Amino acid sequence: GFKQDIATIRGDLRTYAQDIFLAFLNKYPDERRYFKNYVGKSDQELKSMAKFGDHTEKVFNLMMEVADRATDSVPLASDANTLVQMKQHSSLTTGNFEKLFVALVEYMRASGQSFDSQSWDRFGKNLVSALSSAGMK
C-alpha cells in the first residue's frame, strides 16, 4: 500500500525522483519554464547536471516526508503550509501540483513495480485541498 510505496521510492530515490520528475515535464512541457536551467536538455543530458540530481533528490525526499507524516493519505496542515511558503513556490498555483500528481500516478500505473496508485491519486487531491486551505491560489 501507500506506506510500502514510500519505502519503494526511498529505496531508490534518485531513480524514482528523476523518472517521475521527467514524466511530469514530458507530460506537461509548459511546466519546464519554471526550471530555466533544464530548458533545452534531453532526459539523459539532465541526468549529468548536478543541480538536476540535487533538485529531484530534495523534492522527492520532502514529498516522502510529507507522505510519511500523512494519515490515510491526508497531509498535515503544517506541511501544506511549508510548501506554499517556500520562496521557490511563490509563483505557483494548485494546478501546478495537480499536474505533478497526475504525471506521478500515470507513472506508477505504467510501472512494472507494484504501487497503490489510487492512494497516490487521493494523496494528490488531498494535498491540493490542503495547499488551498494554506492559501495557495
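The first residue of the shown sequence is 1; numbering continues from there.
> Looking at the entry, does 59-67 or 38-46 show the higher mean C-alpha B-factor?
Higher mean C-alpha B-factor in the PDB entry: 38-46.
> Taking only the CA atoms, which stretch has the higher mean B-factor in the record, 88-96 or 70-78?
The deposited B-factors put 88-96 ahead on the C-alpha mean.
> In terms of the chain's CA B-factor thirds, is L104 lowest, middle or highest?
It falls in the bottom third of the chain.
> Using the B-factor values recorded in the entry, state whether the Cα atom of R122 falls in the lowest, middle or highest third among the modelled residues of its chain.
Answer is lowest: the recorded C-alpha B-factor places it there.
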